[PDB]
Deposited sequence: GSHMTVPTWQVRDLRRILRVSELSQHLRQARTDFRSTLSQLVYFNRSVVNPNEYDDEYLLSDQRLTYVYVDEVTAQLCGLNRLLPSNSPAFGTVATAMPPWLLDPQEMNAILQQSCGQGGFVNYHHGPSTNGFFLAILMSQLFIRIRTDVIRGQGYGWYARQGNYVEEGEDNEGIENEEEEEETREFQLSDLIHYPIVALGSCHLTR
């Protein structure tokens, strides 16, 4: 089916870590089940009836774009993804919302992302108190790996002039793009 058939999972009232993880797992499975392993989503500006070149790879785990609650609501309800770095970059991570306290996550985000985008983590932890859970398109490249409690977590960037760890396509370049959101939720979680 097409992306508009997907109702974003609003998990903002699921605040226990174990419950949230289970809901995220199910949301990912339901998304893949209904939309396939290969998901086009944005209509071309060149031919408005066909899709542009950006596609989601849904045979992968969810990654997270951290946001404030206002941005979470705007993006979740409207199928949008914000930039969080200059040059229209969106940085996502495999680090789930319960891995670190939002204050700690904000420190890592500040080091990972510049200023000038829609979301700007340099204003402090209120900017990452919530999250958008996504499946990444082929335009996300891995930029770094962080190791916490002996486990590796990838960091990824769509655009933003990042360099990959170790252009003729048509796609959106904006501080807010049309993009499928699997789920949204809070980082203010109880163990």
Tell me which segments of the deposited chain sequence are not represented by C-alpha atoms in this structure.
1-3, 170-182
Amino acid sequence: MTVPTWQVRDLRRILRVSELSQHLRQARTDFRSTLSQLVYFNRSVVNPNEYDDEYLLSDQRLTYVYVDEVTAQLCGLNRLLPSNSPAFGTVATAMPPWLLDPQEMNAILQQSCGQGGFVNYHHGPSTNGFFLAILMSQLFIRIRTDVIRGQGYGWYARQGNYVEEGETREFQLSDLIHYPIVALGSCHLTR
From here on, numbers count along this sequence of modelled residues.
Per the record, averaged over C-alpha atoms, which has the higher B-factor: 67-75 or 90-98?
67-75
Do the C-alpha atoms of 134-142 or of 156-164 have the higher average B factor in the entry?
156-164
Temperature factor at the Cα of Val8, chain-ranked in thirds, falls in the middle
CA B-factor ranking of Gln110, expressed as a third of its chain
middle
Using the temperature factors of the C-alpha atoms in this entry, rank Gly129 within its chain: lowest, middle or highest third.
lowest
Among all modelled residues of this chain, ranked by Cα B factor, put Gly117 in the bottom, middle or top third, i.e. lowest, middle or highest.
middle
Chain thirds by Cα B factor, record data; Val182 belongs to the lowest
